[PDB]
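What follows is a short report on a single structure.
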Amino acid sequence: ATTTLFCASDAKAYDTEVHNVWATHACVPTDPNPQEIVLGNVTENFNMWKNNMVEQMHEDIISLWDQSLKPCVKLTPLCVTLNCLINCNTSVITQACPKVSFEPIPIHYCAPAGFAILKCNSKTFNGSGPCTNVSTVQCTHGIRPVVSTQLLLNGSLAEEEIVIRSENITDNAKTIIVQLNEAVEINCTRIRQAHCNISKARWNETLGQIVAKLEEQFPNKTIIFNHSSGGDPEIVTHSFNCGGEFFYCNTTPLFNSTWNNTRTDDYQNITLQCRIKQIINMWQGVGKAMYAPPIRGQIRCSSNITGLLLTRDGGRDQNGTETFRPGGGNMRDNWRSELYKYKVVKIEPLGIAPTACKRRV
Amino acid sequence: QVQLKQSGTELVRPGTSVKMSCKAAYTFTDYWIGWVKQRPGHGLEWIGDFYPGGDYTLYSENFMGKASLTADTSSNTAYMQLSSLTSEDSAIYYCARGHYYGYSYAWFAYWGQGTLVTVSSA
Amino acid sequence: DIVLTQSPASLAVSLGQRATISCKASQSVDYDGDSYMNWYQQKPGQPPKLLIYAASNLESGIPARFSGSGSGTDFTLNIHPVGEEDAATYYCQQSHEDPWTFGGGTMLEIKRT
Amino acid sequence: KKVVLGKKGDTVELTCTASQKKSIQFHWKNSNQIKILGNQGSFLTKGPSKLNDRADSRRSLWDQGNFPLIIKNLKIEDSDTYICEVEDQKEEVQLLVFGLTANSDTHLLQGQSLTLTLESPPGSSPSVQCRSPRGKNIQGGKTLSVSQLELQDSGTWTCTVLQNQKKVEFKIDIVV
Amino acid sequence: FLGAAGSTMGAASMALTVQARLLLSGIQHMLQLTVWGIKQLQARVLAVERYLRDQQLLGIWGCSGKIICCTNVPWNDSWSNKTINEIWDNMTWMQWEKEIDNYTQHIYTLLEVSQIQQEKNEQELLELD
């Protein structure tokens with residue numbers, strides 16, 4: 001089916017948080033006691049790259065952002081229909097800019113009366129492959145709409161091992177997603193300068209595990225990392241949001257190490273430079289956006305890293321090598337890593353069959 | 001941090017045409033550069049504004065027919081060409097960067113050191 | 001064009017005292033509420049820098065001493081506290097519409113014993 | 001297979017096209033399977049190749065399907081096939097670049113011969129269709145020459161070059 | 001609700017009678033939680049409504065007021081080319097539904113025409129009695 005699902009959040013409705021305000025205005029409390037039915041020997045073909053739920057949560061998040069961070073100037077273009085100099089002029093928009101707090105809140109998605117949601121249970125799921133241990137429910141777990149690129153922030157972990165997912169390998173066109181099984185701490189703290197620290201003792205092991213899992217697809221070649229190849233500042237370097245501040249951070253001292261079956265990285269605290277901004281490139285279309293000056297100071301952020309986004313560089317000039325650069329930026333890609341299980345279904349009772357009896361006439 | 005540089009000072013004869021260069025090194029693409037002139041007792045006045053990402057043009061009326069700008073993003077260098085040299089054309093010249101879209105002019109976070117030009121027959 | 005007039009022509013301040021410079025325009029420049037004025041500073045032997053932009057938002061790296069205010073055709077750049085380093089020529093510019101027009105410039109000199 | 005010709009110094013557009021009007025992903029791949037550009041959400045990411053700096057794209061037509069590929073400061077060695085990947089098709093185009101000019105920079109006289117230099121891609125046979133103000137319509141292939149050069153032949157001769165039915169106009173510097 | 005998917009056709013048919021016999025034998029609150037009670041009651045009411053409406057509308061083919069009817073349309077061989085035991089002991093319901101999904105539009109018209117013919121003949125006899 002293609003029905004409309006409603007939000008469900010354990011909001012507060014007393015604080016100044018914009019997420020709390022939106023949840024209070026349009027969301028309802030959670031189910032007091034969930035009920036899950038464990039179906040038996042069934043087999044259904046799951047597909048995640050072609051799901052339809054994401055196309056709705058991605059349009060709900062954008063609506064959510066229209067109540068928290070209003071733009072001082074919202075400069076976007078608009079063209080006039082002319083076959084071909086096609087008319088194209090910039091349009092200006094402006095409103096008030098009152099500084100407000102901002103912290104994501106968990107949100108639940110539920111189906112209305114008449115539909116159900118199947119969820120898988122296999123430990124691997126093969127990506128877009130059929131699984132058997134299925135169950136039926138009416139609502140999803142907690143989801144945080146945290147936004148970022150080049151690195152997945154606070155989010156659910158894997159079951160028992162880090163896994164890699166891709167729509168079609170061997171085409172150097174689709175982003176590769178990786179999910180870990182143990183988060184790695186990150187701490188960012190700071191007028192226009194700040195630093196970020198990540199535990200190297202865990203990050204080295206994480207990279208080792210990722211590479212070890214990765215060699216299977218490409219056994220003979222040698223896997224090597226490399227910094228971004230260039231582009232907009234929002235994708236060349238890590239970018240995220242914290243406390244009404246849009247943090248941009250370079251990530252060069254993490255992908256310069258060429259990797260083999262052995263270690264070649266080093267041999268405490270991994271320093272990471274960061275500088276805030278005021279003129280950013282929007283992710284909901286095209287056009288710049290500007291906000292009010294930053295807060296006085298003393299802003300801290302502590303988060304966990306669970307997932308990762310990696311791209312590939314292929315060609316016929318490759319000579320026993322494989323360079324994996326960091327990418328991302330397609331919010332749909334960032335959000336498919338959370339709704340790759342659930343599938344919305346409707347029940348059909350009717351049926352026609354040939355039997356051995358005959359009507360009495 | 002974006003940085004700009006310019007060539008050295010020049011002595012030129014009147015009535016000829018000369019070309020100065022400004023080299024910018026983040027690389028600039030789909031940006032919108034302008035040129036500025038400084039002469040004693042006149043403050044500042046912007047001359048020409050071009051957009052390399054399409055080579056869009058915008059001139060000041062007073063300089064019409066006097067200044068022609070060009071750009072080569074392969075070498076990341078803009079060029080000021082001026083002909084019909086006279087004594088009044090002796091001045092300092094600066095190149096100014098920014099970012100794209102038409103009437104931005106709000107993020108001139110840096111300027112070049114400037115090049116001196118003197119028109120004399122000595 | 002929008003002709004700008006700055007004041008005062010010459011300005012002298014004792015160290016540690018308030019400083020103010022005014023800029024006036026012949027035609028309004030308000031467009032959706034944002035004030036399109038830029039205040040630049042010039043010192044001998046070095047090129048000018050962007051010191052204040054838009055009259056409501058500060059440029060990074062520049063100490064917080066600077067501020068701006070005003071409306072319509074009368075705007076004011078304020079400096080506090082003044083220091084020995086601030087003696088220089090300040091220019092007020094309009095960033096509303098092309099072609100653009102600089103002001104007359106104002107000279108600030110540090111007054112000492 | 002649309003084919004275009006360059007000039008060694010000017011830009012050129014190679015437009016794909018769609019009909020959904022929803023900013024669908026795409027790419028621009030050379031004949032060696034190397035990325036050059038490509039939308040990722042609403043940002044831009046240049047390919048790790050030899051044309052990273054020169055490449056560009058119009059960021060206002062993405063809402064209307066047309067995803068061009070503007071290349072600046074074109075050079076001869078850049079002649080090769082390119083392919084779009086709009087939804088699942090393989091819209092592709094070809095470009096050939098050859099630089100035609102005059103070797104004699106400024107030192108020219110009256111009563112001498114003039115020879116032009118054409119740098120065409122190795123493996124192509126464009127035909128130079130020259131044109132002169134005095135009606136000197138010298139017709140030839142890639143290589144052309146002139147045995148006379150005098151005052152009456154002033155002005156940059158508009159000796160174009162056509163191949164596969166597509167012609168590009170060039171000019172020759174003539175100073176005497 | 002007649003059975004759990006995955007089980008074969010014959011097994012469900014056999015078990016439904018025992019289920020009917022068994023069913024006949026009779027053998028931390030948030031004050032905003034009140035919404036969920038309505039969310040459940042609406043679903044139950046809609047289920048009952050749909051059941052009644054479908055039962056009433058199933059009467060065109062003459063099979064009204066029943067859950068297992070029979071008709072008078074002969075079974076061809078070009079549709080399935082399959083026997084009784086293999087169908088009724090294998091080929092879970094979803095697979096069988098997928099198998100003959102192409103002809104699922106002609107059979108409706110055929111059955112409706114057969115019902116019309118039977119009704120016309122019965123009324124013709126009624127003219128006699």
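Going through the structure tokens in order, the chains are called A, B, and so on, while each chain numbers its residues from 1 and the ligands are numbered from 1 in the order shown.
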
Just need the residues of chain A within 12 Å of chain E, counting only C-alpha atoms, so spit them out as a PDB file with N, CA and C atoms, in the first residue's frame.
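Okay, out_1.pdb is ready:
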ATOM      1  N   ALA A   8       4.841   9.692  16.046  1.00  0.00           N
ATOM      2  CA  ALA A   8       4.589   9.272  17.422  1.00  0.00           C
ATOM      3  C   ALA A   8       5.857   9.534  18.221  1.00  0.00           C
ATOM      4  N   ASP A  10       7.450  10.720  22.268  1.00  0.00           N
ATOM      5  CA  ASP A  10       7.249  10.949  23.698  1.00  0.00           C
ATOM      6  C   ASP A  10       7.729  12.361  24.041  1.00  0.00           C
ATOM      7  N   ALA A  11       7.013  13.340  23.497  1.00  0.00           N
ATOM      8  CA  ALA A  11       7.398  14.736  23.642  1.00  0.00           C
ATOM      9  C   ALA A  11       7.231  15.189  25.091  1.00  0.00           C
ATOM     10  N   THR A  24       4.740  18.205  20.228  1.00  0.00           N
ATOM     11  CA  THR A  24       3.532  18.542  20.971  1.00  0.00           C
ATOM     12  C   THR A  24       2.406  18.965  20.037  1.00  0.00           C
ATOM     13  N   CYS A  27       1.923  15.151  17.224  1.00  0.00           N
ATOM     14  CA  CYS A  27       2.322  13.787  17.579  1.00  0.00           C
ATOM     15  C   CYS A  27       1.563  13.394  18.838  1.00  0.00           C
ATOM     16  N   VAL A  28       1.507  12.091  19.089  1.00  0.00           N
ATOM     17  CA  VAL A  28       0.758  11.556  20.224  1.00  0.00           C
ATOM     18  C   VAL A  28       1.667  10.622  21.009  1.00  0.00           C
ATOM     19  N   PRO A  29       1.363  10.403  22.285  1.00  0.00           N
ATOM     20  CA  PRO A  29       2.221   9.552  23.115  1.00  0.00           C
ATOM     21  C   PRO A  29       2.349   8.148  22.545  1.00  0.00           C
ATOM     22  N   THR A  30       3.353   7.434  23.047  1.00  0.00           N
ATOM     23  CA  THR A  30       3.661   6.099  22.561  1.00  0.00           C
ATOM     24  C   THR A  30       2.681   5.068  23.117  1.00  0.00           C
ATOM     25  N   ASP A  31       2.716   3.879  22.524  1.00  0.00           N
ATOM     26  CA  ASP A  31       1.868   2.785  22.985  1.00  0.00           C
ATOM     27  C   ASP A  31       2.278   2.364  24.391  1.00  0.00           C
ATOM     28  N   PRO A  32       1.338   2.267  25.334  1.00  0.00           N
ATOM     29  CA  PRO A  32       1.719   1.846  26.692  1.00  0.00           C
ATOM     30  C   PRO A  32       2.335   0.460  26.737  1.00  0.00           C
ATOM     31  N   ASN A  33       1.853  -0.459  25.904  1.00  0.00           N
ATOM     32  CA  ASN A  33       2.337  -1.839  25.882  1.00  0.00           C
ATOM     33  C   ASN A  33       2.307  -2.370  24.455  1.00  0.00           C
ATOM     34  N   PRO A  34       3.457  -2.470  23.794  1.00  0.00           N
ATOM     35  CA  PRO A  34       3.474  -2.993  22.426  1.00  0.00           C
ATOM     36  C   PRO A  34       3.161  -4.480  22.390  1.00  0.00           C
ATOM     37  N   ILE A  37       3.624 -10.063  17.124  1.00  0.00           N
ATOM     38  CA  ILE A  37       3.283 -11.430  16.745  1.00  0.00           C
ATOM     39  C   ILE A  37       4.441 -12.011  15.949  1.00  0.00           C
ATOM     40  N   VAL A  38       4.921 -13.177  16.369  1.00  0.00           N
ATOM     41  CA  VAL A  38       6.044 -13.839  15.715  1.00  0.00           C
ATOM     42  C   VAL A  38       5.483 -14.848  14.720  1.00  0.00           C
ATOM     43  N   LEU A  39       5.471 -14.478  13.443  1.00  0.00           N
ATOM     44  CA  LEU A  39       4.984 -15.372  12.407  1.00  0.00           C
ATOM     45  C   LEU A  39       5.963 -16.523  12.192  1.00  0.00           C
ATOM     46  N   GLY A  40       5.472 -17.576  11.544  1.00  0.00           N
ATOM     47  CA  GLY A  40       6.240 -18.798  11.413  1.00  0.00           C
ATOM     48  C   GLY A  40       7.068 -18.909  10.151  1.00  0.00           C
ATOM     49  N   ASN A  41       6.825 -19.966   9.374  1.00  0.00           N
ATOM     50  CA  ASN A  41       7.648 -20.290   8.207  1.00  0.00           C
ATOM     51  C   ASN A  41       7.130 -19.516   6.998  1.00  0.00           C
ATOM     52  N   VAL A  42       7.556 -18.258   6.903  1.00  0.00           N
ATOM     53  CA  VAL A  42       7.222 -17.404   5.774  1.00  0.00           C
ATOM     54  C   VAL A  42       8.514 -16.922   5.125  1.00  0.00           C
ATOM     55  N   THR A  43       8.392 -16.483   3.874  1.00  0.00           N
ATOM     56  CA  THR A  43       9.527 -15.974   3.112  1.00  0.00           C
ATOM     57  C   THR A  43       9.035 -14.879   2.180  1.00  0.00           C
ATOM     58  N   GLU A  44       9.470 -13.646   2.428  1.00  0.00           N
ATOM     59  CA  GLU A  44       9.079 -12.500   1.623  1.00  0.00           C
ATOM     60  C   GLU A  44      10.322 -11.769   1.140  1.00  0.00           C
ATOM     61  N   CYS A 110       4.245   4.954  12.999  1.00  0.00           N
ATOM     62  CA  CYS A 110       3.222   3.933  13.161  1.00  0.00           C
ATOM     63  C   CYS A 110       2.306   3.919  11.947  1.00  0.00           C
ATOM     64  N   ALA A 111       1.641   2.780  11.741  1.00  0.00           N
ATOM     65  CA  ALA A 111       0.708   2.621  10.639  1.00  0.00           C
ATOM     66  C   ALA A 111      -0.730   2.748  11.130  1.00  0.00           C
ATOM     67  N   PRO A 112      -1.626   3.272  10.293  1.00  0.00           N
ATOM     68  CA  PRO A 112      -3.017   3.455  10.725  1.00  0.00           C
ATOM     69  C   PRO A 112      -3.766   2.137  10.816  1.00  0.00           C
ATOM     70  N   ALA A 113      -5.068   2.198  11.079  1.00  0.00           N
ATOM     71  CA  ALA A 113      -5.877   0.996  11.251  1.00  0.00           C
ATOM     72  C   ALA A 113      -6.197   0.400   9.885  1.00  0.00           C
ATOM     73  N   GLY A 114      -5.693  -0.805   9.631  1.00  0.00           N
ATOM     74  CA  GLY A 114      -5.961  -1.491   8.382  1.00  0.00           C
ATOM     75  C   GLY A 114      -4.717  -2.025   7.701  1.00  0.00           C
ATOM     76  N   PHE A 115      -3.549  -1.711   8.255  1.00  0.00           N
ATOM     77  CA  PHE A 115      -2.268  -2.096   7.681  1.00  0.00           C
ATOM     78  C   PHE A 115      -1.368  -2.649   8.778  1.00  0.00           C
ATOM     79  N   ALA A 116      -0.294  -3.319   8.361  1.00  0.00           N
ATOM     80  CA  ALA A 116       0.674  -3.880   9.293  1.00  0.00           C
ATOM     81  C   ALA A 116       2.077  -3.585   8.782  1.00  0.00           C
ATOM     82  N   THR A 132      13.910 -14.980   6.373  1.00  0.00           N
ATOM     83  CA  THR A 132      12.828 -15.847   6.825  1.00  0.00           C
ATOM     84  C   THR A 132      12.249 -15.461   8.177  1.00  0.00           C
ATOM     85  N   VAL A 134      10.714 -13.494  10.150  1.00  0.00           N
ATOM     86  CA  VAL A 134       9.963 -12.248  10.042  1.00  0.00           C
ATOM     87  C   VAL A 134       9.012 -12.125  11.224  1.00  0.00           C
ATOM     88  N   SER A 135       8.647 -10.886  11.551  1.00  0.00           N
ATOM     89  CA  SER A 135       7.661 -10.610  12.584  1.00  0.00           C
ATOM     90  C   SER A 135       6.774  -9.462  12.125  1.00  0.00           C
ATOM     91  N   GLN A 138       3.115  -2.877  14.561  1.00  0.00           N
ATOM     92  CA  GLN A 138       2.399  -1.678  14.155  1.00  0.00           C
ATOM     93  C   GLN A 138       3.234  -0.406  14.223  1.00  0.00           C
ATOM     94  N   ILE A 347      -3.668  -6.686   4.034  1.00  0.00           N
ATOM     95  CA  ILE A 347      -4.121  -8.074   4.051  1.00  0.00           C
ATOM     96  C   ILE A 347      -5.273  -8.239   3.068  1.00  0.00           C
ATOM     97  N   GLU A 348      -5.224  -9.308   2.274  1.00  0.00           N
ATOM     98  CA  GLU A 348      -6.234  -9.604   1.262  1.00  0.00           C
ATOM     99  C   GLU A 348      -6.841 -10.975   1.532  1.00  0.00           C
ATOM    100  N   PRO A 349      -8.151 -11.073   1.794  1.00  0.00           N
ATOM    101  CA  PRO A 349      -8.734 -12.358   2.203  1.00  0.00           C
ATOM    102  C   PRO A 349      -9.197 -13.257   1.064  1.00  0.00           C
ATOM    103  N   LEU A 350      -9.545 -12.676  -0.081  1.00  0.00           N
ATOM    104  CA  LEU A 350     -10.254 -13.424  -1.110  1.00  0.00           C
ATOM    105  C   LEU A 350      -9.344 -14.470  -1.757  1.00  0.00           C
ATOM    106  N   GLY A 351      -9.974 -15.417  -2.454  1.00  0.00           N
ATOM    107  CA  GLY A 351      -9.254 -16.478  -3.133  1.00  0.00           C
ATOM    108  C   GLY A 351     -10.125 -17.352  -4.014  1.00  0.00           C
ATOM    109  N   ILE A 352      -9.563 -17.829  -5.123  1.00  0.00           N
ATOM    110  CA  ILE A 352     -10.256 -18.700  -6.064  1.00  0.00           C
ATOM    111  C   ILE A 352      -9.449 -19.981  -6.211  1.00  0.00           C
ATOM    112  N   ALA A 353     -10.137 -21.125  -6.222  1.00  0.00           N
ATOM    113  CA  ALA A 353      -9.435 -22.397  -6.318  1.00  0.00           C
ATOM    114  C   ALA A 353     -10.286 -23.447  -7.014  1.00  0.00           C
ATOM    115  N   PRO A 354      -9.671 -24.400  -7.711  1.00  0.00           N
ATOM    116  CA  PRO A 354     -10.439 -25.515  -8.274  1.00  0.00           C
ATOM    117  C   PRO A 354     -10.611 -26.639  -7.263  1.00  0.00           C
ATOM    118  N   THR A 355     -11.866 -27.027  -7.043  1.00  0.00           N
ATOM    119  CA  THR A 355     -12.207 -28.081  -6.100  1.00  0.00           C
ATOM    120  C   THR A 355     -12.895 -29.215  -6.848  1.00  0.00           C
ATOM    121  N   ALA A 356     -13.094 -30.329  -6.144  1.00  0.00           N
ATOM    122  CA  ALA A 356     -13.638 -31.540  -6.741  1.00  0.00           C
ATOM    123  C   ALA A 356     -15.153 -31.647  -6.634  1.00  0.00           C
ATOM    124  N   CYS A 357     -15.814 -30.705  -5.967  1.00  0.00           N
ATOM    125  CA  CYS A 357     -17.253 -30.775  -5.780  1.00  0.00           C
ATOM    126  C   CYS A 357     -17.978 -30.174  -6.984  1.00  0.00           C
ATOM    127  N   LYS A 358     -19.308 -30.216  -6.940  1.00  0.00           N
ATOM    128  CA  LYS A 358     -20.137 -29.689  -8.015  1.00  0.00           C
ATOM    129  C   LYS A 358     -21.414 -29.115  -7.421  1.00  0.00           C
ATOM    130  N   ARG A 359     -21.844 -27.973  -7.951  1.00  0.00           N
ATOM    131  CA  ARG A 359     -23.031 -27.309  -7.434  1.00  0.00           C
ATOM    132  C   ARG A 359     -24.282 -28.142  -7.693  1.00  0.00           C
ATOM    133  N   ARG A 360     -25.252 -28.009  -6.792  1.00  0.00           N
ATOM    134  CA  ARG A 360     -26.556 -28.641  -6.934  1.00  0.00           C
ATOM    135  C   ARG A 360     -27.518 -27.674  -7.611  1.00  0.00           C
ATOM    136  N   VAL A 361     -27.967 -28.032  -8.810  1.00  0.00           N
ATOM    137  CA  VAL A 361     -28.886 -27.192  -9.567  1.00  0.00           C
ATOM    138  C   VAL A 361     -30.153 -27.968  -9.902  1.00  0.00           C
TER     139      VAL A 361
END

As a PyMOL selection string, list the residues of segment 90-126 of chain D assigned to strand (DSSP E or B) by DSSP on the backbone atoms of this structure. chain D and resi 92-96+99-102+114-119

Do you have the atom CA of residue 6 of chain D-atom CA of residue 130 of chain D distance handy? 16.8 Å

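Take the candidates C:106, C:62, C:100, C:1 and check each one against chain A using only C-alpha atoms; the shortest distance goes to C:62.
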
Give me the residues near residue 47 of chain B as a list in words, where near means some atom within 6 Å (using only C-alpha atoms) and where sequence neighbours in that chain fewer than 2 positions away do not count. residues 35, 36 and 60 of chain B

Written file, previous selection with N, CA and C atoms, as an mmCIF file, in the first residue's frame:
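Result file result-v8.cif:
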data_model
loop_
_atom_site.group_PDB
_atom_site.id
_atom_site.type_symbol
_atom_site.label_atom_id
_atom_site.label_comp_id
_atom_site.auth_asym_id
_atom_site.auth_seq_id
_atom_site.Cartn_x
_atom_site.Cartn_y
_atom_site.Cartn_z
ATOM 1 N N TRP B 35 37.607 44.514 -9.505
ATOM 2 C CA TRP B 35 38.850 45.273 -9.534
ATOM 3 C C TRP B 35 38.630 46.661 -8.950
ATOM 4 N N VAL B 36 39.638 47.152 -8.226
ATOM 5 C CA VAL B 36 39.552 48.410 -7.495
ATOM 6 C C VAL B 36 40.774 49.256 -7.821
ATOM 7 N N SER B 60 31.583 49.468 -14.936
ATOM 8 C CA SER B 60 31.205 50.795 -14.475
ATOM 9 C C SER B 60 31.203 51.758 -15.656
#

Each chain B residue no farther than 9 Å from chain C, nearest pair in Å, only C-alpha atoms, as a Markdown table:
| residue | atom | partner | partner_atom | distance |
| --- | --- | --- | --- | --- |
| B:42 | CA | C:104 | CA | 7.9 |
| B:43 | CA | C:104 | CA | 6.6 |
| B:44 | CA | C:102 | CA | 6.2 |
| B:45 | CA | C:102 | CA | 6.3 |
| B:46 | CA | C:100 | CA | 7.1 |
| B:58 | CA | C:98 | CA | 8.9 |
| B:59 | CA | C:99 | CA | 8.3 |
| B:60 | CA | C:99 | CA | 6.2 |
| B:61 | CA | C:99 | CA | 8.1 |
| B:94 | CA | C:47 | CA | 8.3 |
| B:103 | CA | C:97 | CA | 7.3 |
| B:104 | CA | C:95 | CA | 8.3 |
| B:105 | CA | C:95 | CA | 6.2 |
| B:106 | CA | C:53 | CA | 6.3 |
| B:107 | CA | C:53 | CA | 7.8 |
| B:108 | CA | C:50 | CA | 6.4 |
| B:109 | CA | C:50 | CA | 6.1 |
| B:110 | CA | C:49 | CA | 6.4 |
| B:111 | CA | C:49 | CA | 6.7 |
| B:112 | CA | C:47 | CA | 6.8 |
| B:113 | CA | C:47 | CA | 5.4 |
| B:114 | CA | C:47 | CA | 7.0 |

Just-selected residues, N, CA, C and O atoms written as a compact mmCIF listing (two decimals), in the first residue's frame:
# COMPACT_ATOMS: atom_id res chain seq x y z
N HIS B 42 41.28 60.58 -3.82
CA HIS B 42 40.08 60.10 -4.49
C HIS B 42 39.45 58.88 -3.83
O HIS B 42 38.48 58.34 -4.37
N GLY B 43 39.95 58.43 -2.68
CA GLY B 43 39.39 57.25 -2.06
C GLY B 43 39.51 56.05 -2.98
O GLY B 43 40.57 55.76 -3.53
N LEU B 44 38.40 55.33 -3.15
CA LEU B 44 38.36 54.10 -3.93
C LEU B 44 37.16 54.12 -4.87
O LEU B 44 36.18 54.82 -4.62
N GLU B 45 37.26 53.35 -5.94
CA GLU B 45 36.17 53.23 -6.91
C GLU B 45 36.34 51.92 -7.66
O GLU B 45 37.39 51.68 -8.27
N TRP B 46 35.31 51.07 -7.62
CA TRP B 46 35.37 49.77 -8.27
C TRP B 46 35.20 49.93 -9.78
O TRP B 46 34.38 50.73 -10.24
N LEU B 58 30.33 42.82 -15.88
CA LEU B 58 29.66 44.01 -15.38
C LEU B 58 30.66 45.15 -15.31
O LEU B 58 31.70 45.04 -14.64
N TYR B 59 30.36 46.24 -16.01
CA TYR B 59 31.24 47.40 -16.12
C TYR B 59 30.68 48.60 -15.37
O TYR B 59 29.46 48.73 -15.19
N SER B 60 31.58 49.47 -14.94
CA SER B 60 31.21 50.79 -14.48
C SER B 60 31.20 51.76 -15.66
O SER B 60 32.06 51.67 -16.54
N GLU B 61 30.23 52.68 -15.66
CA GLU B 61 30.04 53.53 -16.83
C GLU B 61 31.27 54.39 -17.11
O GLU B 61 31.66 54.56 -18.27
N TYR B 94 43.92 46.90 -7.15
CA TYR B 94 43.66 45.78 -6.26
C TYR B 94 42.65 44.85 -6.90
O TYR B 94 41.78 45.27 -7.67
N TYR B 103 24.32 39.93 -6.66
CA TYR B 103 24.60 41.08 -5.80
C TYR B 103 24.98 40.60 -4.40
O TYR B 103 24.32 40.87 -3.40
N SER B 104 26.10 39.88 -4.32
CA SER B 104 26.52 39.30 -3.04
C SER B 104 27.23 40.34 -2.18
O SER B 104 26.68 40.79 -1.17
N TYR B 105 28.44 40.75 -2.59
CA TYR B 105 29.17 41.84 -1.95
C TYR B 105 28.91 41.95 -0.45
O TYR B 105 28.54 43.02 0.04
N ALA B 106 29.09 40.85 0.27
CA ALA B 106 28.99 40.88 1.72
C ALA B 106 30.03 40.01 2.41
O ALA B 106 29.99 39.90 3.64
N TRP B 107 30.95 39.40 1.67
CA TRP B 107 31.91 38.46 2.24
C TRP B 107 33.29 38.69 1.62
O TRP B 107 34.02 37.76 1.29
N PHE B 108 33.65 39.96 1.44
CA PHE B 108 35.01 40.29 1.00
C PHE B 108 35.97 40.09 2.16
O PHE B 108 36.45 41.06 2.75
N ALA B 109 36.26 38.84 2.49
CA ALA B 109 37.05 38.49 3.66
C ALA B 109 38.55 38.65 3.44
O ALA B 109 39.33 38.16 4.27
N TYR B 110 38.98 39.30 2.37
CA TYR B 110 40.40 39.46 2.09
C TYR B 110 40.56 40.33 0.85
O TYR B 110 39.64 40.43 0.03
N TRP B 111 41.73 40.94 0.72
CA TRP B 111 42.08 41.72 -0.46
C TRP B 111 43.57 41.58 -0.72
O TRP B 111 44.36 41.27 0.18
N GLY B 112 43.96 41.82 -1.98
CA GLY B 112 45.34 41.72 -2.37
C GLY B 112 46.17 42.91 -1.93
O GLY B 112 45.65 43.94 -1.48
N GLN B 113 47.49 42.77 -2.06
CA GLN B 113 48.41 43.82 -1.66
C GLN B 113 48.44 44.98 -2.64
O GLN B 113 48.74 46.11 -2.24
N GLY B 114 48.15 44.74 -3.91
CA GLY B 114 48.02 45.80 -4.88
C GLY B 114 49.27 46.00 -5.71
O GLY B 114 50.40 45.73 -5.27

Please provide the set of residues having any atom within 9 Å of residue 108 of chain D, restricted to only C-alpha atoms, with same-chain residues fewer than 5 positions apart removed, written as a list in words. residues 114, 149, 150, 174, 175 and 176 of chain D

Resulting file, chosen residues, C-alpha atoms, as a PDB file, in the first residue's frame:
ATOM      1  CA  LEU D 114      52.038  31.619 -45.461  1.00  0.00           C
ATOM      2  CA  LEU D 149      50.963  36.702 -48.462  1.00  0.00           C
ATOM      3  CA  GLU D 150      50.689  40.414 -49.253  1.00  0.00           C
ATOM      4  CA  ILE D 174      47.937  38.206 -40.366  1.00  0.00           C
ATOM      5  CA  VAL D 175      50.245  41.179 -39.764  1.00  0.00           C
ATOM      6  CA  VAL D 176      52.243  42.919 -42.493  1.00  0.00           C
TER       7      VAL D 176
END

Mind listing as a ChimeraX atom specification which residues of chain B are within 12 Å of chain A, counting only C-alpha atoms? /B:1,26-30,98-104,106-107

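Coordinates place atom CA of residue 11 of chain E at a distance of 25.1 Å from atom CA of residue 77 of chain E.
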
For residue 93 of chain B, which of B:18, B:4, B:122, B:117 is the closest residue, counting only C-alpha atoms?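 Ranking B:18, B:4, B:122, B:117 by distance to residue 93 of chain B, first place goes to B:117.
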
Write down, as number ranges by chain, each residue of chain A that has any atom within 8 Å of an atom of chain D, counting only C-alpha atoms. A: 77-79, 88, 229-232, 234-235, 282-286, 313-317, 328-331

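Atom CA of residue 89 of chain B lies 25.1 Å from atom CA of residue 107 of chain C.
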
Applying 12 Å and only C-alpha atoms, which residues near residue 67 of chain A remain after dropping the ones on its own chain fewer than 6 positions away? List them as a list in words. residues 16, 17, 18, 19, 20, 21, 22, 23, 25, 60, 61, 97, 98, 100, 101 and 102 of chain A

Each residue of chain C with at least one atom at most 10 Å from chain A should appear once, together with its nearest atom pair and the corresponding distance in Å (one decimal); atoms considered: only C-alpha atoms; ordering: chain, then increasing residue number; output as JSON lines.
{"residue": "C:31", "atom": "CA", "partner": "A:92", "partner_atom": "CA", "distance": 8.9}
{"residue": "C:32", "atom": "CA", "partner": "A:94", "partner_atom": "CA", "distance": 6.2}
{"residue": "C:33", "atom": "CA", "partner": "A:94", "partner_atom": "CA", "distance": 7.5}
{"residue": "C:34", "atom": "CA", "partner": "A:94", "partner_atom": "CA", "distance": 8.3}
{"residue": "C:56", "atom": "CA", "partner": "A:292", "partner_atom": "CA", "distance": 9.1}
{"residue": "C:57", "atom": "CA", "partner": "A:293", "partner_atom": "CA", "distance": 6.5}
{"residue": "C:58", "atom": "CA", "partner": "A:293", "partner_atom": "CA", "distance": 7.5}
{"residue": "C:59", "atom": "CA", "partner": "A:293", "partner_atom": "CA", "distance": 9.7}
{"residue": "C:60", "atom": "CA", "partner": "A:192", "partner_atom": "CA", "distance": 6.9}
{"residue": "C:61", "atom": "CA", "partner": "A:192", "partner_atom": "CA", "distance": 7.6}
{"residue": "C:63", "atom": "CA", "partner": "A:191", "partner_atom": "CA", "distance": 9.9}
